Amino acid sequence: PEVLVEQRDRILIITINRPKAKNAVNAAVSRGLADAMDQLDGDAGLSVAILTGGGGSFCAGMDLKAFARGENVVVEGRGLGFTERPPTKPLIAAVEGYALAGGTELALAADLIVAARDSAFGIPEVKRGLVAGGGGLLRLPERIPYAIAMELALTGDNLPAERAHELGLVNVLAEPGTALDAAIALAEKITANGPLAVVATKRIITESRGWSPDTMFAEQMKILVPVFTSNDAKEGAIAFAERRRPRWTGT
């Protein structure tokens, strides 16, 4: 299987299993990722997903051999796996080695990035006379300073993970080989919080980028009201009062 899926408590671990091809995205991998996100969002037993690449490399981008023969790597309505339709639940990318071109675009479509100190990002498409069309040009300038995003886009240069951490692209710098365990620790903190409040918090942040300051509080209030009337909200207050862990139901 070109994409491996493992359930661990409330956490879905998604592993691109194409290491001899540096985990490049073909049609198989693209469909596997989309299915994995449909599983994450559709299963009430899951809170967070982690995306990683096996064997020490995250993702070299779209498979060039598969692009050559004309495979349908881009699935209409999802893009490269999920670049044009990110999941509603939180997604963490855990990055070893190279995440280049489509690979950096997979990481950008996640919410959070955990990267080994020796890993690298980049969008080298222009070096081949191409353009990064998986959302890298639309998200990188919103994730790191605009001029740096512009530089990486125009040169195709690598962005080493230490610099990406300094620029705010990488949330956690991990020791080489341990990115996945650092992402699990981050995912376990997110799963310990209120499922409805977590999904509503991300929804407000992502959908507010297409809102207007005119109407930002009004729009946000519609998302807030179901969380504040939720059973979990009452359980949260009782558990904090009794100095114990809350037992979420997702209602």
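Numbering starts at 1 and runs along the sequence shown.
- The stretch with the higher mean CA B factor, choosing between 58-66 and 219-227, is 219-227.
- As listed in the deposited structure, the average C-alpha B-factor of 210-218 and of 194-202 is greater for 210-218.
- Of the candidates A183, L40, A27, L33, the deposited coordinates give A27 the top C-alpha B factor.
- Looking at the C-alpha B-factors along this chain, the one for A49 belongs to the middle third.
- Residue-level temperature factors show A132 in the middle third of its chain, judged at the C-alpha atom.
- In the deposited entry, the Cα temperature factor of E105 places it in the lowest third of its chain's modelled residues.
- The entry lists a Cα temperature factor for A179 that places it in the lowest third of the chain's modelled residues.
- The deposited CA B-factor of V73 belongs to the highest third of values across its chain.
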